[PDB]
Structure formats: C-alpha cells, structure tokens
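Chemist: Input structure: input_38.txt, which contains compact mmCIF, C-alpha atoms.
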```txt
# COMPACT_ATOMS: atom_id res chain seq x y z
CA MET A 1 145.28 -89.28 32.21
CA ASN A 2 145.85 -92.34 30.02
CA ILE A 3 143.88 -95.53 29.24
CA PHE A 4 145.16 -97.33 32.35
CA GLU A 5 144.22 -94.51 34.71
CA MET A 6 140.87 -94.15 33.01
CA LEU A 7 139.95 -97.82 33.21
CA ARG A 8 141.26 -98.00 36.78
CA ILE A 9 138.74 -95.28 37.72
CA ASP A 10 135.87 -96.97 35.83
CA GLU A 11 136.57 -100.55 36.97
CA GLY A 12 138.05 -100.20 40.45
CA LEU A 13 140.42 -102.74 42.01
CA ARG A 14 139.29 -105.75 44.04
CA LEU A 15 141.57 -108.63 44.99
CA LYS A 16 138.88 -111.24 45.73
CA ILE A 17 136.39 -112.66 43.22
CA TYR A 18 133.35 -110.38 42.94
CA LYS A 19 130.40 -110.04 40.56
CA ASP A 20 130.47 -107.20 38.04
CA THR A 21 127.58 -104.89 37.09
CA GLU A 22 126.08 -107.69 34.97
CA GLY A 23 126.35 -110.25 37.77
CA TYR A 24 129.42 -112.01 36.30
CA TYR A 25 132.39 -113.35 38.28
CA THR A 26 135.30 -110.92 37.95
CA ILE A 27 138.51 -110.02 39.79
CA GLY A 28 141.20 -107.35 39.80
CA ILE A 29 140.61 -104.33 37.58
CA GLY A 30 137.57 -105.56 35.71
CA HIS A 31 139.02 -108.89 34.63
CA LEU A 32 135.97 -110.95 33.61
CA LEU A 33 136.48 -114.56 34.63
CA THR A 34 133.40 -116.22 33.14
CA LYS A 35 129.71 -115.64 32.50
CA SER A 36 129.04 -118.99 34.21
CA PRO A 37 126.98 -118.77 37.41
CA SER A 38 129.20 -121.45 39.02
CA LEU A 39 131.78 -120.01 41.40
CA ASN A 40 133.98 -123.08 41.00
CA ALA A 41 134.13 -122.52 37.23
CA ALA A 42 135.20 -118.91 37.90
CA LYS A 43 137.88 -120.13 40.34
CA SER A 44 139.18 -122.48 37.65
CA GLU A 45 139.38 -119.62 35.12
CA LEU A 46 141.25 -117.50 37.68
CA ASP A 47 143.81 -120.22 38.36
CA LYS A 48 144.25 -120.74 34.62
CA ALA A 49 144.83 -117.01 34.09
CA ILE A 50 147.29 -116.52 36.97
CA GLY A 51 149.14 -119.85 36.74
CA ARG A 52 148.65 -121.06 40.34
CA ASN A 53 145.86 -122.22 42.65
CA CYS A 54 144.54 -118.89 43.93
CA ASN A 55 141.56 -119.97 46.01
CA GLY A 56 139.72 -116.91 44.63
CA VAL A 57 142.30 -114.30 45.82
CA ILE A 58 145.12 -112.51 44.00
CA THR A 59 147.71 -109.84 44.72
CA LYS A 60 147.79 -106.30 43.42
CA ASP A 61 150.72 -107.15 41.12
CA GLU A 62 148.76 -110.07 39.67
CA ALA A 63 145.72 -107.83 39.16
CA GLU A 64 147.84 -105.27 37.34
CA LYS A 65 149.39 -107.99 35.17
CA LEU A 66 145.95 -109.19 34.04
CA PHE A 67 144.94 -105.55 33.50
CA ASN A 68 147.86 -104.87 31.14
CA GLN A 69 147.05 -108.04 29.23
CA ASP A 70 143.36 -107.10 29.03
CA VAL A 71 144.02 -103.55 27.78
CA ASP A 72 146.56 -104.85 25.24
CA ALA A 73 144.13 -107.52 24.05
CA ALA A 74 141.32 -104.97 23.74
CA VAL A 75 143.43 -102.77 21.43
CA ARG A 76 144.73 -105.68 19.34
CA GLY A 77 141.18 -106.92 18.95
CA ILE A 78 139.92 -103.58 17.70
CA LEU A 79 142.70 -103.56 15.10
CA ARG A 80 141.69 -107.01 13.83
CA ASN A 81 138.02 -106.07 13.44
CA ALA A 82 137.25 -104.70 9.96
CA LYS A 83 134.30 -102.67 11.25
CA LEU A 84 136.18 -101.11 14.15
CA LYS A 85 139.72 -100.51 12.87
CA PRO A 86 138.90 -97.73 10.39
CA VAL A 87 136.94 -95.73 12.93
CA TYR A 88 139.58 -96.28 15.60
CA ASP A 89 142.37 -95.24 13.26
CA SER A 90 140.41 -92.11 12.35
CA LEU A 91 140.39 -90.92 15.99
CA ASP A 92 142.85 -88.81 17.99
CA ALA A 93 144.60 -90.52 20.96
CA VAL A 94 142.16 -89.31 23.65
CA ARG A 95 139.08 -90.53 21.78
CA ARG A 96 140.90 -93.82 21.06
CA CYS A 97 140.99 -94.31 24.84
CA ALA A 98 137.20 -93.98 24.92
CA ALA A 99 136.99 -96.68 22.24
CA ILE A 100 139.26 -99.03 24.19
CA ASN A 101 137.21 -98.39 27.34
CA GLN A 102 133.97 -99.32 25.52
CA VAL A 103 135.40 -102.55 24.12
CA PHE A 104 137.01 -103.42 27.50
CA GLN A 105 133.56 -103.13 29.12
CA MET A 106 131.19 -104.67 26.56
CA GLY A 107 133.46 -106.67 24.25
CA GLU A 108 133.56 -106.51 20.46
CA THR A 109 130.16 -108.18 20.23
CA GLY A 110 128.87 -105.58 22.64
CA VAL A 111 129.97 -102.84 20.23
CA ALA A 112 128.37 -104.60 17.25
CA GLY A 113 125.11 -102.69 17.64
CA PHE A 114 126.92 -99.35 17.58
CA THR A 115 127.22 -99.10 13.79
CA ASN A 116 125.47 -95.73 13.52
CA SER A 117 127.47 -94.20 16.40
CA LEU A 118 130.65 -95.50 14.80
CA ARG A 119 129.81 -93.83 11.50
CA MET A 120 129.15 -90.50 13.24
CA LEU A 121 132.46 -90.81 15.12
CA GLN A 122 134.38 -91.45 11.87
CA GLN A 123 132.59 -88.41 10.39
CA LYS A 124 133.68 -86.41 13.47
CA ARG A 125 130.09 -85.34 14.08
CA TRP A 126 130.81 -85.31 17.79
CA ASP A 127 127.59 -83.97 19.32
CA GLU A 128 125.46 -86.22 17.13
CA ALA A 129 127.68 -89.21 17.94
CA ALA A 130 127.29 -88.46 21.65
CA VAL A 131 123.51 -88.29 21.38
CA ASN A 132 123.42 -91.61 19.49
CA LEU A 133 125.77 -93.39 21.89
CA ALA A 134 123.38 -92.71 24.78
CA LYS A 135 120.45 -94.43 23.03
CA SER A 136 121.69 -97.77 24.22
CA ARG A 137 121.38 -100.53 26.77
CA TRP A 138 124.98 -99.59 27.69
CA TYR A 139 124.02 -96.06 28.78
CA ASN A 140 120.85 -97.14 30.55
CA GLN A 141 122.54 -99.90 32.61
CA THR A 142 125.77 -97.97 33.47
CA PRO A 143 124.87 -94.29 33.01
CA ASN A 144 127.52 -92.68 35.13
CA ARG A 145 130.33 -94.52 33.40
CA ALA A 146 128.78 -94.20 29.96
CA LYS A 147 128.39 -90.46 30.50
CA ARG A 148 132.14 -90.19 31.20
CA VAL A 149 133.08 -92.24 28.15
CA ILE A 150 130.64 -90.35 25.92
CA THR A 151 131.98 -86.98 27.13
CA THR A 152 135.46 -88.22 26.18
CA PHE A 153 134.21 -89.15 22.66
CA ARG A 154 132.38 -85.81 22.38
CA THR A 155 135.26 -83.54 23.44
CA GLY A 156 138.55 -85.33 22.90
CA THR A 157 139.51 -84.17 26.40
CA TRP A 158 139.81 -85.82 29.81
CA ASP A 159 137.37 -83.44 31.47
CA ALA A 160 135.14 -86.27 32.71
CA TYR A 161 138.00 -87.94 34.59
CA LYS A 162 139.82 -84.85 35.95
```
As structure tokens, what does this structure read like?

Modeler:
Amino acid sequence: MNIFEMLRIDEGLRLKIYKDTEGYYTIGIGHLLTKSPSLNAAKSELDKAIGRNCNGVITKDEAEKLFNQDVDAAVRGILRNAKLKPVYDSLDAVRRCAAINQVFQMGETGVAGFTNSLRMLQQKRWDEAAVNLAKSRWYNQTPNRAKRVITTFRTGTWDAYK
C-alpha cells in the first residue's frame, strides 16, 4: 500500500463527470471540479484542467495525471500550513498517508476544525486521537471511509486497506 493505492480505493475511478458525496461535480479519481451547481461551469473547469475540450469525458491516463497533481498539491499544501506541517512532520510515513487522505478529501479548511485531534496525533496519543477524530461531521457523513483513515492514524499500519 501507498498513498496512491489508498486514495484510489477511497475515491474510485470514473471517466465521466459525476457528483461526489457532497453533491459536487467531480471526475477521475476524486478530482473536484467546482462546488458550482452549474454543469457547464464544471465542464469549463475540466477543459481548463486537461487542456482540451473534453465534453465532460476523459481518459484513464488523463485521470491519473490529475490524480498525481492532486496528491502532490495536497502534500505541498500541508507543508505550507503552519498548523499542519509540525504535526505532519511528527508522523511516520504510514500515518502521513492518512493525513494526505484527509486533506485530499476535505481540503485544508476542512481540517481547520481538527485542532484537538491534531494535538493528540502530535502527542502520539493514538487511541485518544482516534476517538476525537470520529466526533466530526467528516465521520458522520462518510463513516466507512473515515473509519479506514482513522484506523490508519490509530495503528500506523495498512490493516484497513489490506
């Protein structure tokens, strides 16, 4: 397992524009296009991202290209955030994948309310961190995925993704 295999399992792969768990236009491996409810605005964002007029459809190679960019951008973002970098740098490589997964799904603003969980993770109080992470809109709206990510933060293993 690695961050790409993990996110591929959590996000799936679809080559035509679809709406994500929050009802937002997305494509590929969880590439969010826009939070706009207008399909034409999402098509414009897709064309801008791929570099050609896609008519709402892309190829597997294009999906994987956006995925690599999105994972890379997630990591680089974490490193530029003064609240997230120290906790991230304190983690082992497996738990860092859980952190990237979280940010990939909810964005840095989405992780802003996780201050207490973050502190427990930096303290390596793993069971307590896991309990706190589940007291969230994140866990309640996507419990199966959150349970996998939380187990990864709790154990530092890939047991939840086999």

Chemist: Quick one: residues within 12 Å of (130.5, -111.1, 44.4) (file frame), counting all atoms listed in the file, please, as a ChimeraX atom specification.

Modeler: /A:14-27,33,37-39,42,56

Chemist: Okay, now the selection with C-alpha atoms, as a JSON list (two decimals), in the coordinates of the input?

Modeler:
```json
[["chain", "number", "residue", "atom", "x", "y", "z"],
["A", 14, "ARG", "CA", 139.29, -105.75, 44.04],
["A", 15, "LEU", "CA", 141.57, -108.63, 44.99],
["A", 16, "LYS", "CA", 138.88, -111.24, 45.73],
["A", 17, "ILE", "CA", 136.39, -112.66, 43.22],
["A", 18, "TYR", "CA", 133.35, -110.38, 42.94],
["A", 19, "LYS", "CA", 130.40, -110.04, 40.56],
["A", 20, "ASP", "CA", 130.47, -107.20, 38.04],
["A", 21, "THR", "CA", 127.58, -104.89, 37.09],
["A", 22, "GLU", "CA", 126.08, -107.69, 34.97],
["A", 23, "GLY", "CA", 126.35, -110.25, 37.77],
["A", 24, "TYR", "CA", 129.42, -112.01, 36.30],
["A", 25, "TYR", "CA", 132.39, -113.35, 38.28],
["A", 26, "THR", "CA", 135.30, -110.92, 37.95],
["A", 27, "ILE", "CA", 138.51, -110.02, 39.79],
["A", 33, "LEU", "CA", 136.48, -114.56, 34.63],
["A", 37, "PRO", "CA", 126.98, -118.77, 37.41],
["A", 38, "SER", "CA", 129.20, -121.45, 39.02],
["A", 39, "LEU", "CA", 131.78, -120.01, 41.40],
["A", 42, "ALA", "CA", 135.20, -118.91, 37.90],
["A", 56, "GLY", "CA", 139.72, -116.91, 44.63]]
```

Chemist: Write out as a PyMOL selection string each polymer residue whose atoms come within 10 Å of residue 76 of chain A, counting all atoms listed in the file; drop sequence neighbours fewer than 6 positions from it.

Modeler: chain A and resi 70+85+100

Chemist: Find the residues around residue 68 of chain A up to 12 Å (all atoms listed in the file counted), leave out those fewer than 3 positions away in its own chain, and share them as an mmCIF file with C-alpha atoms, in the frame of the given file.

Modeler:
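Writing done, so here's part20.cif:
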```cif
data_model
loop_
_atom_site.group_PDB
_atom_site.id
_atom_site.type_symbol
_atom_site.label_atom_id
_atom_site.label_comp_id
_atom_site.auth_asym_id
_atom_site.auth_seq_id
_atom_site.Cartn_x
_atom_site.Cartn_y
_atom_site.Cartn_z
ATOM 1 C CA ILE A 3 143.880 -95.530 29.240
ATOM 2 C CA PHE A 4 145.160 -97.330 32.350
ATOM 3 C CA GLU A 5 144.220 -94.510 34.710
ATOM 4 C CA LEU A 7 139.950 -97.820 33.210
ATOM 5 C CA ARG A 8 141.260 -98.000 36.780
ATOM 6 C CA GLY A 28 141.200 -107.350 39.800
ATOM 7 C CA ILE A 29 140.610 -104.330 37.580
ATOM 8 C CA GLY A 30 137.570 -105.560 35.710
ATOM 9 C CA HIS A 31 139.020 -108.890 34.630
ATOM 10 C CA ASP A 61 150.720 -107.150 41.120
ATOM 11 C CA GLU A 62 148.760 -110.070 39.670
ATOM 12 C CA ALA A 63 145.720 -107.830 39.160
ATOM 13 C CA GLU A 64 147.840 -105.270 37.340
ATOM 14 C CA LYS A 65 149.390 -107.990 35.170
ATOM 15 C CA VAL A 71 144.020 -103.550 27.780
ATOM 16 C CA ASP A 72 146.560 -104.850 25.240
ATOM 17 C CA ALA A 73 144.130 -107.520 24.050
ATOM 18 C CA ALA A 74 141.320 -104.970 23.740
ATOM 19 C CA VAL A 75 143.430 -102.770 21.430
ATOM 20 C CA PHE A 104 137.010 -103.420 27.500
#
```

Chemist: So, with only C-alpha atoms as the atoms that count, which of A:105, A:53, A:117, A:157 lies closest to residue 145 of chain A?

Modeler: A:105

Chemist: Which of these, A:91, A:150, A:6, A:13, has the shortest distance to residue 133 of chain A once you count only C-alpha atoms?

Modeler: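 Among A:91, A:150, A:6, A:13, it is A:150 that comes nearest to residue 133 of chain A.
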
Chemist: Rank A:46, A:122, A:155, A:113 by their smallest atom-to-atom distance to residue 135 of chain A, using only C-alpha atoms, and report the top residue only.

Modeler: A:113

Chemist: Of the candidates A:140, A:151, A:55, A:81, which shows the shortest atom-to-atom distance to residue 107 of chain A, using all atoms listed in the file?

Modeler: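 Once distances to residue 107 of chain A are computed over all atoms listed in the file, the minimum belongs to A:81.
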
Chemist: Give me the residues within 10 Å of residue 158 of chain A as a list in words, counting only C-alpha atoms and dropping any in the same chain fewer than 3 places off.

Modeler: residues 1, 2, 6, 94, 95, 97, 98, 148, 149, 151, 152, 153, 155, 161 and 162 of chain A

Chemist: Given the choices A:114, A:120, A:11, A:35, which gets closest to residue 137 of chain A if the distance is worked out from all atoms listed in the file?

Modeler: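 Of the candidates, the smallest distance to residue 137 of chain A is held by A:114.
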
Chemist: Nearest to residue 119 of chain A: which of A:79, A:87, A:32, A:9 is it, counting all atoms listed in the file?

Modeler: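 The shortest atom-to-atom distance to residue 119 of chain A comes from A:87.
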
Chemist: If we count only C-alpha atoms, what is near residue 90 of chain A at a cut-off of 10 Å, once residues fewer than 6 positions away on the same chain are taken out, given as a compact mmCIF listing (two decimals) with C-alpha atoms, in the coordinates of the input?

Modeler:
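Printed below is selection.txt as written:
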```txt
# COMPACT_ATOMS: atom_id res chain seq x y z
CA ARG A 96 140.90 -93.82 21.06
CA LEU A 121 132.46 -90.81 15.12
CA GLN A 122 134.38 -91.45 11.87
CA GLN A 123 132.59 -88.41 10.39
CA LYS A 124 133.68 -86.41 13.47
```

Chemist: Quote the spacing between atom CA of residue 134 of chain A and atom CA of residue 66 of chain A in Å to one decimal place.

Modeler: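 Value for the atom CA of residue 134 of chain A-atom CA of residue 66 of chain A distance: 29.4 Å.
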